[PDB]
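Have a look at the structure below before the remarks.
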Amino acid sequence: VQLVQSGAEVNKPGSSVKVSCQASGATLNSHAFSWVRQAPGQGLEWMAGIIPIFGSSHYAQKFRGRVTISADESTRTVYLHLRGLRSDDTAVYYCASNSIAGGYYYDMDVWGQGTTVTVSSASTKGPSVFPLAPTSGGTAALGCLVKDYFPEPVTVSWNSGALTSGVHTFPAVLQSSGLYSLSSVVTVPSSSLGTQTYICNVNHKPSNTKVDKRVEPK
Amino acid sequence: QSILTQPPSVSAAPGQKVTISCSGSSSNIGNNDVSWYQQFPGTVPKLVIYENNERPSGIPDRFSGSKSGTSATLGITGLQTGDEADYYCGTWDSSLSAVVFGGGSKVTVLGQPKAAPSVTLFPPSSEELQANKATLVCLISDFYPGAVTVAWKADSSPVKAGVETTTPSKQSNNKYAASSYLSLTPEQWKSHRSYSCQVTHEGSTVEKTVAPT
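Chains H and L supply the protein sequences, listed in that same order.
Using the entry's author numbering, the letters of the first sequence correspond one by one to residues 2 to 52, 52A, 53 to 82, 82A to 82C, 83 to 98, 100K to 100Q, 101 to 126, 131 to 214.
Using the entry's author numbering, the letters of the second sequence correspond one by one to residues 2 to 27, 27A to 27B, 28 to 95, 95A to 95B, 96 to 210.
Rendered as structure tokens:
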């Protein structure tokens, strides 16, 4: 049994977002579905639920009037509609199910992978990529700085994915400016610096931008 | 301000037993079944107890649960290092007609060997300086437990502005990583003899330094 949710959403304050959750089963009537969110480093918060077989839906007081949960049996998809978005609605939203056949129906043993919803006044901005030029115990460290971009995410690979051992791409930091920055570093044998070419491949789909930055020794 | 109340954290050594309480009222725990969820850093929650004391198929028998009146408890006997995670209780609340979660409790397994952070500090790149900007990059990895304090110095003076530090993130090897950035003007970078990133972990510090030269 699997639940697959839709991709990351990015919204301006006051706007609305719709997140989907597609079930792997043949029907939705065999389960009860819940939507739960979790902000960075904070706790789980149950928002709403729906039990298709009974056409019943429930909502946490905190979200009444702003949230709507719907179900489409023809496509076995459940939806979460959130209106009047606030910056503090920024979080990972999960859909979860429980097999039945409201407390007697809601439970969450199967969880979707989650959908990130970012609410900010910031506007889309491609990243500026800078090389972090190359040492301890015969090993050197080199990398790429991916500065001031919005919104998440940014993926980084090295040498088109051919270089993976020793690679460490760090989670981005959300700056006081509302923009993100992250870095990727690779530890390589110092002797390789004189031959092996090193290029970091930065991809920021939100801006349809990709940068391949060559990193050479100073 | 969760409707259900849990202790912020519980700790014990391997082999011992830990218990996590979850208090509520008649409308929720008192008249409805309680479930417990386990969540490892950066992973989706997993149901470990439902119907107050039932273990979902597959969950080790060292996990147990109970409910008496308006409060519930999660127990973990023979505590293992692999049990270090956040745990949440949840139940239906009849007065609100909604599911409610406790605020979560962090379970720490004591006595584990500590791992000092590996620190790499990069100076501003020539390209960035040519763009009239300057960022020092401090990358911290392979430390455990996942908690560090990052301080920056210009020469020997504490830097209190322009710093952005991430919270620790769990690595694939179960150790932690974090990064810190120091934004400066090209003139500030070139004006000092050096800048340093100091990473304090479990009482000891690892410091890296870079210089305009």
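Ideal placement from N, C-alpha and C gives every residue a C-beta, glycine not left out.
Taking 8 angstroms as the limit between beta carbons, can you name the residues of its chain near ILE97/H, skipping five residues before and five after?
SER31, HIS32, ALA33, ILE52, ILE53
Short CB-CB distance (under 7 angstroms) between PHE62/L and chain H:
no
Mind checking who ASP92/L pairs with in its DSSP beta bridge?
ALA95B/L
On the DSSP letters alone, give me the boundaries of the alpha helix (DSSP H) that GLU125/L sits inside.
Run containing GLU125/L: 123-127, per the alpha helix (DSSP H) assignment.
Thinking C-beta only, is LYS167/L closer than 7 angstroms to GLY41/L?
yes
Suppose contacts are defined by Cβ-Cβ distances below 7 angstroms. Is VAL150/H in contact with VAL163/H by that definition?
no
For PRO167/H and chain L, any beta-carbon pair shorter than 7 angstroms?
yes
Anything in chain H within Cβ reach of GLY101/L, meaning under 8 angstroms, just list it in chain order.
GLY44, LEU45
Measuring only between beta-carbons, confirm whether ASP208/H sits less than 7 angstroms from chain L.
No, its Cβ sits nowhere closer than 7 angstroms to a Cβ of chain L.
Residue range of the alpha helix (DSSP H) that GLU184/L falls in?
183-188
Between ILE48/L, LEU181/L, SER176/L, which has its C-alpha nearest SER179/H's C-alpha?
Answer by Cα proximity: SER176/L.
Neighbourhood of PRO44/L by C-beta distance below 8 angstroms, restricted to the same chain and skipping five residues each side
For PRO44/L, where only same-chain residues beyond five positions count, the Cβ hits under 8 angstroms are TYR36, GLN37, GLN38, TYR87.
What's the gap between the Cα of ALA148/L and the Cα of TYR59/H?
44 angstroms
For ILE21/L, report the span of its beta strand (DSSP E) as first-last.
19-24
Would you identify the three-state DSSP class for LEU80/H, choosing helix, strand or coil?
Three-state DSSP puts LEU80/H in a strand.
Alpha carbon to alpha carbon, how far is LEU82C/H from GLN192/H?
48 angstroms
Below 8 angstroms between beta carbons is the criterion; list the residues of the stretch 110-122 of chain H that meet it against any residue of chain L, in chain order.
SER120, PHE122
Mind listing the chain L neighbours of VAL184/H? Cutoff is C-beta to C-beta under 7 angstroms, in chain order.
Correct list: empty, because the minimum Cβ distance to chain L is about 13 angstroms.
Once you ignore the five residues that flank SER63/L on each side, which residues in its own chain have a CB closer than 6 angstroms to its CB?
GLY74
Here's a check: name, in chain order, each residue in its chain whose Cβ is nearer than 8 angstroms to the Cβ of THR132/L, leaving out the five neighbours to either side.
Excluding sequence positions up to five before and after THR132/L, its CB lies within less than 8 angstroms of the CB of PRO121, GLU125, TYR178, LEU179, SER180, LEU181, all in the same chain and listed in chain order.
Relative to the alpha-carbon of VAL160/L, which residue among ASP208/H, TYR90/H, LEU170/H has its alpha-carbon at the smallest distance?
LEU170/H
Determine whether the Cβ of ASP101/H lies closer than 7 angstroms to any Cβ atom of chain L.
So, interface residue.
Mind pulling the chain H residues with CB within less than 7 angstroms of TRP91/L?
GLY100K, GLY100L, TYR100O
When you compare only the Cα positions, how much space is there between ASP208/H and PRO8/L?
48 angstroms
Span of the beta strand (DSSP E) holding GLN38/L?
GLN38/L -> beta strand (DSSP E) spans 33-38.
For the stretch 104-119 of chain H against the stretch 45-61 of chain L, do three or more pairs of beta-carbon atoms, one drawn from each stretch, fall closer than 8 angstroms, so that the two count as touching?
no
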